[PDB]
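Scroll down for the structure; my scribbles are underneath it.
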Amino acid sequence: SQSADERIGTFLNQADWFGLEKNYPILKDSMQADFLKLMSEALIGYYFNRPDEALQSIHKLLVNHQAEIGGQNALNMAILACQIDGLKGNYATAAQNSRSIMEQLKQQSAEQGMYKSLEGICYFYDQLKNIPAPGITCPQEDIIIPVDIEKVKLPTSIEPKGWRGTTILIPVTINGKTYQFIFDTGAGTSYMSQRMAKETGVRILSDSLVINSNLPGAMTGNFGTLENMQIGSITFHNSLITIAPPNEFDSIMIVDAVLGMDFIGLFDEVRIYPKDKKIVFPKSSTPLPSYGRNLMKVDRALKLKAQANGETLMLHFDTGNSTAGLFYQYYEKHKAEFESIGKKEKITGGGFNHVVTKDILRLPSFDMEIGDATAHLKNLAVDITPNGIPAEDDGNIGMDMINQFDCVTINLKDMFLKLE
């Protein structure tokens, strides 16, 4: 039998963010440790898309409780609020406070240690401090966008049938011309080819950023902005755009324009109707289902909490992934079984400036429960070897799941995925 402060402290130690988010509301009124309540609200708001709540809690925590949370925790929370400020588009606030932290670090002679990564964060938002945050205007109504769902053509030297999976192409109009953009929840920010940015007259903002995995907009080194983008009756203002130069991945496929999370994150809810080939941005949101919140946001990545044979697995929710795959860490947990039913296969893929060819495993069929629904993934790729990414998720769920439903409800206000 444990106190409310002990139980909440366990959720933090275990890094059980779904557990923390679900239990904090009822346990809150039984806690005595104000610093621990504040740290809970900050970590919840970070992971479940409540940035202003997190910011207000971090600030109150650093006003009142620095001495009892300890030097490193105070520093960790101050840095968290910087990246929260940055992901919100408070560019000036992020660039100012992180510079201020760098300066305090230098003076305690602790900056060349394990916070030298804070230096690129200061450089990143210092390039943006005079740029408006992303924003939309749109009428108060259900906004219905016709889309295409097309096979992803690949050269037959890498995919003999000439395609691999699908992608959602959403019409975007810029300066009177209408383009097709990929609708990519996996894109931390919107993204353009060098030729797309020149044609659309993108305002280039930097040429020399440190390429950062968790910084949305530092994927290639060059980013820029666009004042005005038209998606139906929606107008998208001051997009932050990653600008990619010609690279080796072009020999796999040319990616000209991608509509990413700087746009998508501005909505309470997005509904994808694959069979009807439409995206709806509704006036009112869907109610939070039975099964609760099953989405989580780590920086810019949406992560789906799913089940497979009664065991939890965490999936990067990435519509820019044309099929679906499971990562090494999950394979390793089920090695013998997957070695049993699995078929070894060579796949060629990659991303910006890397074309990889490796051995994988294809599972004939893999059933996973997503809330009240079951996704049936056929011919599911499985990494049998760690794939040069620090293991975090159990897999990356993409269009192979989306296309087998009539309505995919992505709700960001309350952080859930619903499939009907």
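Going through the structure tokens in order, the chains are called A, B, and so on, while each chain numbers its residues from 1 and the ligands are numbered from 1 in the order shown.
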Contacts of residue 95 in chain A at 8 Å or less, counting only C-alpha atoms, minus same-chain residues fewer than 4 places along, as an NGL selection string? :A and (82 or 91 or 99 or 121-126 or 129)
Find the residues around range 286-298 of chain A up to 6 Å (only C-alpha atoms counted), leave out those fewer than 2 positions away in its own chain, and share them as a list in words. residues 47, 48, 300, 301, 302, 303, 304, 305, 371, 415 and 416 of chain A
Output N, CA and C atoms for every residue in the selection just made, as a short mmCIF file (atom, residue, chain, number, x, y, z; two decimals), in the first residue's frame.
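File written: part.cif
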data_model
loop_
_atom_site.label_atom_id
_atom_site.label_comp_id
_atom_site.auth_asym_id
_atom_site.auth_seq_id
_atom_site.Cartn_x
_atom_site.Cartn_y
_atom_site.Cartn_z
N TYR A 47 4.35 14.93 -23.51
CA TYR A 47 4.09 13.70 -24.24
C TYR A 47 2.66 13.62 -24.77
N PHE A 48 1.72 14.39 -24.22
CA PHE A 48 0.33 14.30 -24.66
C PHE A 48 -0.20 15.63 -25.15
N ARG A 300 8.27 15.48 -32.34
CA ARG A 300 7.30 15.62 -33.41
C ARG A 300 6.70 14.31 -33.86
N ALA A 301 7.20 13.19 -33.35
CA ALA A 301 6.75 11.88 -33.77
C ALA A 301 5.53 11.45 -32.97
N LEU A 302 4.48 11.06 -33.67
CA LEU A 302 3.35 10.39 -33.06
C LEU A 302 3.69 8.92 -32.85
N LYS A 303 3.40 8.40 -31.67
CA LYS A 303 3.65 7.00 -31.35
C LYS A 303 2.34 6.35 -30.93
N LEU A 304 2.04 5.22 -31.55
CA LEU A 304 0.79 4.51 -31.34
C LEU A 304 1.01 3.38 -30.35
N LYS A 305 0.14 3.29 -29.35
CA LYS A 305 0.18 2.20 -28.38
C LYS A 305 -0.79 1.12 -28.84
N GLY A 371 -6.91 -0.21 -30.38
CA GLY A 371 -8.18 0.10 -29.75
C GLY A 371 -9.15 -1.05 -29.95
N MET A 415 -5.34 13.00 -28.20
CA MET A 415 -4.29 12.02 -28.44
C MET A 415 -4.81 10.57 -28.55
N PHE A 416 -5.63 10.30 -29.56
CA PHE A 416 -6.05 8.93 -29.84
C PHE A 416 -6.15 8.68 -31.34
#
Within range 129-353 of chain A, find each residue whose DSSP state, derived from the backbone, is helix (DSSP H, G or I), and express the selection as a PyMOL selection string. chain A and resi 194-199+248-251+261-264+328-333+335-341
Go through range 22-247 of chain A and collect every residue that DSSP, computed from the backbone, puts in strand (DSSP E or B); the answer should be as JSON, numbers by chain. {"A": [135, 136, 137, 143, 144, 145, 146, 148, 149, 150, 151, 152, 153, 163, 164, 165, 166, 167, 168, 169, 170, 171, 172, 173, 174, 177, 178, 179, 180, 181, 182, 183, 190, 191, 192, 193, 203, 204, 205, 206, 222, 223, 224, 225, 226, 227, 228, 229, 230, 231, 234, 235, 236, 237, 238, 239, 240, 241, 242, 243, 244]}
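In this model, the gap between CA of residue 145 in chain A and CA of residue 262 in chain A comes to 18.2 Å.
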Can you pull out every residue within 8 Å of residue 338 in chain A, counting only C-alpha atoms, but drop anything in the same chain fewer than 4 positions away, and send it as a list in words?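 Contacts, with the query itself left out: residues 331, 334, 342, 361 and 363 of chain A.
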Within 12 Å of residue 223 in chain A, counting only C-alpha atoms, which residues show up once you throw out same-chain ones fewer than 3 positions away? Write them as a tab-separated table (two decimals) with N, CA, C and O atoms, in the first residue's frame, please.
chain	number	residue	atom	x	y	z
A	124	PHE	N	19.80	26.59	-33.69
A	124	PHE	CA	18.63	26.34	-34.53
A	124	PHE	C	17.61	27.46	-34.38
A	124	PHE	O	17.21	28.10	-35.36
A	125	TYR	N	17.17	27.73	-33.15
A	125	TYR	CA	16.10	28.70	-32.96
A	125	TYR	C	16.59	30.13	-33.05
A	125	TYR	O	15.77	31.04	-33.21
A	127	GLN	N	18.23	31.10	-35.61
A	127	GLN	CA	17.91	31.37	-37.01
A	127	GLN	C	16.44	31.67	-37.24
A	127	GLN	O	16.09	32.20	-38.30
A	128	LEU	N	15.57	31.33	-36.29
A	128	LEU	CA	14.13	31.46	-36.45
A	128	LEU	C	13.51	32.56	-35.59
A	128	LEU	O	12.31	32.82	-35.72
A	189	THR	N	8.60	18.24	-39.73
A	189	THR	CA	8.08	19.45	-40.33
A	189	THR	C	7.92	19.22	-41.83
A	189	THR	O	8.38	18.22	-42.38
A	190	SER	N	7.23	20.15	-42.49
A	190	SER	CA	7.10	20.06	-43.93
A	190	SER	C	8.48	20.10	-44.60
A	190	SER	O	9.47	20.54	-44.01
A	191	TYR	N	8.52	19.64	-45.84
A	191	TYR	CA	9.76	19.28	-46.50
A	191	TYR	C	9.61	19.52	-47.99
A	191	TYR	O	8.58	19.20	-48.57
A	192	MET	N	10.65	20.09	-48.60
A	192	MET	CA	10.64	20.32	-50.04
A	192	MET	C	11.97	20.01	-50.72
A	192	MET	O	13.04	20.22	-50.15
A	193	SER	N	11.88	19.52	-51.95
A	193	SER	CA	13.08	19.41	-52.76
A	193	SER	C	13.63	20.80	-53.07
A	193	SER	O	12.93	21.81	-53.00
A	194	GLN	N	14.91	20.84	-53.42
A	194	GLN	CA	15.54	22.09	-53.82
A	194	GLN	C	14.81	22.74	-54.99
A	194	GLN	O	14.62	23.96	-55.03
A	197	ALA	N	11.42	24.21	-53.77
A	197	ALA	CA	11.56	25.45	-53.03
A	197	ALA	C	11.87	26.62	-53.94
A	197	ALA	O	11.44	27.75	-53.68
A	202	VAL	N	10.45	29.73	-52.02
A	202	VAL	CA	10.62	29.59	-50.58
A	202	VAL	C	11.65	30.58	-50.06
A	202	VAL	O	12.69	30.81	-50.69
A	203	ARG	N	11.35	31.19	-48.91
A	203	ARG	CA	12.27	32.10	-48.23
A	203	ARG	C	13.27	31.28	-47.42
A	203	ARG	O	12.94	30.74	-46.37
A	204	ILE	N	14.51	31.18	-47.91
A	204	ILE	CA	15.51	30.33	-47.26
A	204	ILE	C	16.05	31.02	-46.02
A	204	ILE	O	16.40	32.21	-46.06
A	205	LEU	N	16.14	30.28	-44.92
A	205	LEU	CA	16.47	30.85	-43.62
A	205	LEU	C	17.84	30.45	-43.09
A	205	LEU	O	18.42	31.19	-42.30
A	206	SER	N	18.37	29.30	-43.50
A	206	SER	CA	19.70	28.92	-43.07
A	206	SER	C	20.28	27.95	-44.08
A	206	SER	O	19.55	27.21	-44.74
A	207	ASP	N	21.61	27.96	-44.18
A	207	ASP	CA	22.35	27.02	-45.00
A	207	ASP	C	23.21	26.07	-44.18
A	207	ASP	O	23.67	25.05	-44.72
A	208	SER	N	23.42	26.35	-42.89
A	208	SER	CA	24.41	25.65	-42.08
A	208	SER	C	23.82	25.33	-40.69
A	208	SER	O	24.24	25.87	-39.67
A	209	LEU	N	22.85	24.43	-40.66
A	209	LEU	CA	22.34	23.86	-39.42
A	209	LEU	C	22.98	22.49	-39.19
A	209	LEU	O	23.31	21.77	-40.14
A	210	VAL	N	23.15	22.14	-37.92
A	210	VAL	CA	23.57	20.79	-37.57
A	210	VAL	C	22.37	19.86	-37.75
A	210	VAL	O	21.31	20.09	-37.17
A	211	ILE	N	22.54	18.82	-38.56
A	211	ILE	CA	21.43	17.93	-38.85
A	211	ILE	C	21.05	17.18	-37.57
A	211	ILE	O	21.85	16.43	-37.01
A	215	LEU	N	15.20	17.61	-33.87
A	215	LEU	CA	14.86	18.99	-34.20
A	215	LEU	C	14.06	19.01	-35.49
A	215	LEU	O	14.63	18.78	-36.57
A	216	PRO	N	12.75	19.28	-35.45
A	216	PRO	CA	11.96	19.33	-36.69
A	216	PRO	C	12.37	20.47	-37.61
A	216	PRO	O	11.95	21.61	-37.41
A	217	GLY	N	13.17	20.17	-38.62
A	217	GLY	CA	13.59	21.20	-39.55
A	217	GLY	C	15.09	21.23	-39.75
A	217	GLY	O	15.60	22.07	-40.50
A	218	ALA	N	15.80	20.33	-39.08
A	218	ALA	CA	17.24	20.17	-39.23
A	218	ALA	C	17.58	18.80	-39.80
A	218	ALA	O	18.54	18.16	-39.38
A	219	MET	N	16.80	18.33	-40.77
A	219	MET	CA	17.03	17.00	-41.35
A	219	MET	C	18.12	16.99	-42.43
A	219	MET	O	18.77	15.97	-42.69
A	220	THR	N	18.31	18.14	-43.07
A	220	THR	CA	19.24	18.25	-44.18
A	220	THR	C	20.26	19.37	-44.02
A	220	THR	O	21.26	19.37	-44.75
A	226	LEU	N	7.53	29.61	-45.94
A	226	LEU	CA	6.62	30.04	-46.99
A	226	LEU	C	5.45	30.75	-46.33
A	226	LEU	O	4.81	30.21	-45.42
A	239	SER	N	4.90	28.21	-42.77
A	239	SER	CA	5.39	26.85	-42.65
A	239	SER	C	6.90	26.85	-42.46
A	239	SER	O	7.62	27.67	-43.05
A	240	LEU	N	7.39	25.94	-41.63
A	240	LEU	CA	8.82	25.70	-41.50
A	240	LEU	C	9.17	24.50	-42.38
A	240	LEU	O	8.65	23.40	-42.15
A	241	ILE	N	10.02	24.71	-43.38
A	241	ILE	CA	10.19	23.76	-44.48
A	241	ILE	C	11.63	23.28	-44.49
A	241	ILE	O	12.56	24.09	-44.63
A	242	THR	N	11.82	21.97	-44.37
A	242	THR	CA	13.13	21.37	-44.63
A	242	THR	C	13.40	21.33	-46.13
A	242	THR	O	12.56	20.84	-46.89
A	243	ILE	N	14.55	21.84	-46.56
A	243	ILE	CA	14.89	21.92	-47.98
A	243	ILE	C	16.03	20.96	-48.28
A	243	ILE	O	17.13	21.11	-47.75
A	244	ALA	N	15.77	19.98	-49.16
A	244	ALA	CA	16.69	18.89	-49.42
A	244	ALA	C	17.36	19.04	-50.78
A	244	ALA	O	16.67	19.22	-51.80
A	245	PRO	N	18.68	18.96	-50.84
A	245	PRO	CA	19.39	19.03	-52.12
A	245	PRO	C	19.40	17.67	-52.79
A	245	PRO	O	19.12	16.64	-52.15
Residues within 12 Å of residue 400 in chain A, only C-alpha atoms, excluding chain neighbours under 2 positions, as a PyMOL selection string: chain A and resi 149+151+164-168+274+317-325+365-366+375-381+396-398+402-405
